[PDB]
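Taken in order, these protein sequences are the chains called A, B, C, D, E, F and G. FYI, the numbering for the first sequence is 1 to 208, 211 to 439, going by the deposited numbering. FYI, the numbering for the second sequence is 1 to 208, 211 to 439, going by the deposited numbering. FYI, the numbering for the third sequence is 1 to 208, 211 to 439, going by the deposited numbering. FYI, the numbering for the fourth sequence is 12 to 20, going by the deposited numbering. FYI, the numbering for the fifth sequence is 12 to 20, going by the deposited numbering. FYI, the numbering for the sixth sequence is 12 to 20, going by the deposited numbering. FYI, the numbering for the seventh sequence is 12 to 20, going by the deposited numbering. Read through the structure below, which is laid out as structure tokens, and then see the notes.
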Amino acid sequence: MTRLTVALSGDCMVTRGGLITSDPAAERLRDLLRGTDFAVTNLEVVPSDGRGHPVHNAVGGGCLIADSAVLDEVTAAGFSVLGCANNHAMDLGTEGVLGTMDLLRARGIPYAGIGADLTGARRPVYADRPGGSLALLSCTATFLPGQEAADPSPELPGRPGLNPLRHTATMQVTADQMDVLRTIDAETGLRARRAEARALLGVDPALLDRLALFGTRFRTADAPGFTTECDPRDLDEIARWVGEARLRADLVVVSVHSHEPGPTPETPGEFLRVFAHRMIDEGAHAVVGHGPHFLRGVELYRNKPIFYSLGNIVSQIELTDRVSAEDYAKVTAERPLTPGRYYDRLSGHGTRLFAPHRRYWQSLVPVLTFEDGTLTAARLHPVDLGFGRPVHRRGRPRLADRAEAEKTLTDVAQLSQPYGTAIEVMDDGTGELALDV
Amino acid sequence: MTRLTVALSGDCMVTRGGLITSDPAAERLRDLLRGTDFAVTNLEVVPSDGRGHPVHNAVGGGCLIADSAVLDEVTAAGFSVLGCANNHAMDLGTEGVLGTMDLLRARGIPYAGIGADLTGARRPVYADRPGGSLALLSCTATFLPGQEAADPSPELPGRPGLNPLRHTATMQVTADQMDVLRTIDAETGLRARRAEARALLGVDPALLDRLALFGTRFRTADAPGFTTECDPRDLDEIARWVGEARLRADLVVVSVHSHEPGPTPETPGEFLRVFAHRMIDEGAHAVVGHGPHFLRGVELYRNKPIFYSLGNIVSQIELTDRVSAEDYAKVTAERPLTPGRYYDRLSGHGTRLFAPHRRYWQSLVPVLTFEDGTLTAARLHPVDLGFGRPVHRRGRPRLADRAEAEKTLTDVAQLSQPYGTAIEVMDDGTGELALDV
Amino acid sequence: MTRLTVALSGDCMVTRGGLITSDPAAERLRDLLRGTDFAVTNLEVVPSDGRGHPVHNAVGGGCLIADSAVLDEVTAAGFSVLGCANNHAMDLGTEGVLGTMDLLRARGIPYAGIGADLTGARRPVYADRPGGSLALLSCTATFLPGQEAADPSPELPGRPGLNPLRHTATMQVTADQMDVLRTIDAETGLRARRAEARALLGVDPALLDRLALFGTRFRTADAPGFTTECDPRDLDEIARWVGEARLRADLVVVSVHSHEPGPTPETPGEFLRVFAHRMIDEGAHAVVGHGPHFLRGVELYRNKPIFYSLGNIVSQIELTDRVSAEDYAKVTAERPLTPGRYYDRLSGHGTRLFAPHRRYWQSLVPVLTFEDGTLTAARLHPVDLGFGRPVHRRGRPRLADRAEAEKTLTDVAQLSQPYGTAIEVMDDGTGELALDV
Amino acid sequence: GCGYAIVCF
Amino acid sequence: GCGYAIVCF
Amino acid sequence: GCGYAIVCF
Amino acid sequence: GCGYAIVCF
Ligand SMILES: [Ca+2]
Ligand SMILES: [Ca+2]
Ligand SMILES: [Ca+2]
């Protein structure tokens, strides 16, 4: 009956024009994206005509702001539905995110994940085509506290911001380790400095056999360990909107931004896996993840795919022309710096950060085919971002050649093996997931 | 030659009209304030006509927003120079603080501590009278990270915000306590989750014999202890502007907001004392502190006074008509709440928070007399905020009657005794500091 | 690997529509410009919808202001990157140059050389195409003092303006000539009128064996002579941005406006040659000059071309419809003048200024080919501007016919001979530089 | 932004 | 806002 | 702003 | 704009 194709991708950190080069492998990527019914990416950059003020985002790597003309590069390349909840959408504050919504709506680009209040950030966006409709929901587990949007009260408006997926981490420690922690709390004088809060609240907010010291949760356990768990409010609220989107579109896609690592850098946080299973339990047809800037595994759960990380589809951080004063201060200089010189110094003249490692310059574009909601095909198109090229050329995407596509498909297979995922490989280096249907 | 009088006060948390009642003791307070050359207070509330969006400030006790008409109550009561750097000036975000600056300038009220960028927040404001001039600088050590203002770069504007006095706390632990902390770091799996940051930065950001675990600084020492120290950039920058103000006014007053407790709730943070000494070293004639909502000691340093905390001069938190949705969520309710009901539930129907304790409803208004920069008199006027009165009446200030003024003057003397400060007491309950001049 | 073509041209003084006529030689010029990857010209006219006020620019020949619709003529003709730093961009003041930036950005035209502050005027603009990117920097050595842009201070904004290349001229005189100059200074009473400045500054600002009289620098030398030298700040600052542009684009082009003559009208100023060598030393791939309204020589320096002057690509000064009152005053008239009559009288009914001489109506459009930054071809296309035609038709460009193209190519060869430049000549009158690669 | 005092109401 | 990973560049 | 050339038309 | 006086502070 209804047959729809969806292209997925990761972080779109675009800061310059000419996104699709004259390379035939790059033009074939645009042809691939244009040929689908819907093409989703995560706008990991603030398009701006000047509205707002830079926030201090040292932990996110600095501000990521670009001329709003980059939005024409995104649409001309083939992307048609935008997820905006990430740790950079608020780089220009509440006024910046209101400016982003204005820019996207004036260009007729559907988006989700940000809004003038919390409900607007949580809502799905519905993209309608002659062949059918797709609902996109977008959330992020990585952001500066306070950047989440807020809903209005009877007396005050809401707050523009992002759709949050909060989570808590608990340290499991032995009883003897717990006793030393409380000993350190008492003997340093730290417990004495909570005496006022004890009188005002009536309780010591550090005794919960839980315990909250140094802004971290500790719990007595038989063996040391580390746990993560999604905020119940965010999980139930996002799931609520997923069930709503299921009634009003053929396909529901949940895009989640998450930098958080599991026990290993390539594994997702345990909470993120619980989140993705819940989204499919509620009716989502796919979960697309991003954040780490490298690829993570792919899981098939109840015959629906979870892409824990598609990495970067566009990577032009080092080419941004808008560096904030607080960002400049992170580099000690004997003379005022130009942006390119600042990024060269920040990376130690290229010897650290993302440039030296190949994992940050390989990507993947899945193309999913659905027939009345059933996944019938999941093609995998490896993407090359130009590792080792000059800074002004690396970061633009093109379909990887045969040899490098095969290495990328091998990585994906190895990263997805713990989930029982198998891949068929074509002669050109592209592949597809082995499905049970 | 030049003789000037300065009235000082603490937190002005005004949310209603009729600030000065028909009580003769309240009208005499207005007469006292009006009779000085300059009257300084800390505007601990966002006056607003609607511009901005509420930020999440749970740690500050919620949002503190009021009708801008309260500014007429502040000036009619006698206050004439306003310090605005505190942990509530950003309760409506960057747009709110820009709206506050607009409101203050349209009413011709001199202010300092906030600005459209960092320099503007650091600048002194110069209040000129026929008898002479006073320079006010205002900073805060308590605020949500990111709320500090930012200066512009060649490519991006600054960020509106407050004048910050940042500080770091270090836990001194024994070597055996340090070994258990690193053991907990390794055995829980926490050290494993920094593996990516180790590759990107080239170092483990937790090994500094310093150490940074759980977002807290640890240092090996012979005995456990607790240290605090001002951020060197903020200390040098604020001191720089103090020396500038010294050249352009008779009197330089530094107002610093600080909730941070010392070893005991009544003692200031060690960093705050270093800050106050530095301000007078640089040429300030007085340092007025606030934040804790109760009184702290008074110190005479190089014949200049340091008031570590003057408490509240106006306390009408529970009467605010603008409660944000995130604030409402902190109280579990079976029905939507009105503001007054919300505050009643938040305080456990009056059995906790500030209402049960008398220290939160006594205040002090010092009146300093300077002659060519030399302190010649420091009168102390105890102020009563109506402990035990109904919520709609407590928080308005009046000169305390004889009996309660004497008890307040005794508290101040006891809180100032560790600094060697002596007080003379008048028959009406007012007093003055014993000076060496 | 990367192969890019760049068309260069001189002053674009366009004031009317129909820039490209139905002449096949003019349509072939548009085809040539459209066929390159980038086409650069110097916008020597203020496009305006009415914003700003005319400045007094008698020395520049009057105001040069046109309907903003001429920008559509510029882009339709094939020009795609605009250099704006010249001695007419400020003809409508700071408000006019802000209006020009608005007009160019609303039409999506990349530009450089002007900005809201000095940094913005110094920045390169990056033009991205599928085949690669070009960075354009634009400066001017000819402008009214004060028209240069200014950067902001902590308390005041910058000033919109142009990117300056300042320079100083020193007169070398014999010791006996120097003694007469100081004698004239003393005996006329001129030295007496600096008595106040001597007391205020503590020195006589005329004794530097340097010497500054009559707003001119004099130096004792063995033989009389004339020297020029670039301002060290401007040279180092422009070079700094050139090195920045080198990191972020394949090709860096520096466009410099300079009317200043050398010992002969056809030779460039000595400072301009030092500037051009420095630009290529810093990494620029080409230096395009303009200003004099006639052609100057071409130099190959380290295998990169320097075009000291490409003259006019469009010359419609006498057709402007917007003549200022101060401009009108330069022509004594017994009745109020219409623009065309004013220009006829100003040129003495065509017997002086630019119309009588053929050098002001020949031009050149170089087309450079680069392969991975190496110059592989430099084609030369002579352009005819219609010498001797009626005023309403001369000034529109077309590819010169064979006979006149040959004469223009001969001029270029003779003007470039002192630099050792050789030219190959085709049968149609076009040519190309002899390269060492 | 209220590290060791926890409460800064 | 990047508790245990420290870096989320 | 046209010191020795005098004319910069 | 301060030809022979040089300084017009
Ligand atoms: Ca991210
Ligand atoms: Ca406070
Ligand atoms: Ca010119």
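All residues carry an ideal CB built from backbone N, CA and C; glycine is no exception.
Not flagged as an interface residue toward chain G: C:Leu207, since no C-beta distance is shorter than 8 Å. Relative to ligand 2, the nearest heavy atom lies less than 7 Å away from the CB of B:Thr142. Using a C-beta cut-off of 8 Å, the stretch 27-35 of chain C makes no contact with the stretch 409-423 of chain C, since fewer than three inter-stretch Cβ pairs fall below that distance. In this structure C:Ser153 is exposed. Its beta-carbon is surrounded by fewer than 16 other beta-carbon atoms within 10 angstroms. The beta carbon of B:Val59 falls within 8 Å of a beta carbon belonging to chain D, placing the residue at that interface. Between the beta-carbon of A:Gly375 and that of A:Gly388 there is about 37 Å, and that puts the pair past the 8 Å contact cut. Distance check between A:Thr230 and each of A:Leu190, A:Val289, A:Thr168 and A:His279 places A:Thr168 closest, using alpha-carbon atoms only. For A:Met13, the uninterrupted beta strand (DSSP E) segment begins and ends at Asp11 to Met13. When DSSP states are grouped into helix, strand and coil, A:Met171 belongs to the strand group. Chain C has no Cβ within less than 8 Å of the Cβ of B:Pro164.
By the neighbour-count definition (other C-beta atoms within 10 Å, threshold 16), C:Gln419 is an exposed residue. Looking from the CA of C:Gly422, the closest CA among C:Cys139, C:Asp430, C:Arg337 and C:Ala436 belongs to C:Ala436.
In the displayed model, B:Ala26 falls within a helix according to three-state DSSP. In the DSSP assignment, B:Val367 falls within the unbroken beta strand (DSSP E) covering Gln364 to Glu373. For A:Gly83, the distance from the CB to the nearest heavy atom of ligand 2 is not below 7 Å. Take the alpha-carbon of C:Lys332 and the one of C:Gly61: they are about 10 Å apart. By the neighbour-count definition (other C-beta atoms within 10 Å, threshold 16), C:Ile20 is a buried residue.
Residue contact with chain C for B:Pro152: present (Cβ-Cβ distance below 8 Å to some residue of chain C).
Neighbours of B:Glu262 across chain D, judged by C-beta separation under 7 Å: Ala16. According to the DSSP assignment, B:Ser418 belongs to the alpha helix (DSSP H) that extends over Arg404 to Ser418. When C-beta atoms of the stretch 74-83 of chain B are compared with those of the stretch 37-47 of chain B, three or more pairs fall below 8 Å, so the two segments count as touching. The beta carbon of C:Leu134 does not come within 8 Å of any beta carbon belonging to chain A, so the residue lies off that interface. A:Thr140: not part of any alpha helix (DSSP H); member of the beta strand (DSSP E) spanning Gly132 to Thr140, first to last residue.
Using a Cβ-Cβ cut-off of 9 Å, C:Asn87 is close to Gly12, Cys13 and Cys19 of chain F, given in chain order. For C:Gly146, no alpha helix (DSSP H) run applies, since DSSP gives it neither H nor E. Only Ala169 from the stretch 164-186 of chain C bring a Cβ to less than 8 Å from some Cβ of chain F. In this structure, ligand 2 has a non-hydrogen atom nearer than 7 Å to the beta-carbon of B:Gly293. Beta-bridge annotation (DSSP): D:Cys13 is not paired with any residue. Using a Cβ distance threshold of 8 Å, C:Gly115 and C:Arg123 count as a contacting pair.
Between B:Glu95 and A:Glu95, the C-beta gap is smaller than 8 Å, which places the two residues in contact.
If only complete runs of 3 or more residues are kept, the stretch 89-138 of chain B shows the beta strand (DSSP E) at 125-129, in order along the chain. The nearest non-hydrogen atom of ligand 3 is 7 Å or more from the C-beta of C:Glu148.
Counted as a single uninterrupted DSSP element, the alpha helix (DSSP H) harbouring B:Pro341 occupies residues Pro341 to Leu348. DSSP, reduced to helix, strand and coil, places C:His279 within a helical segment of the structure shown.
With a threshold of 8 Å between beta carbons, A:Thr21 makes contact with chain C.
Nothing from the stretch 409-420 of chain B brings a Cβ to less than 7 Å from some Cβ of chain C.
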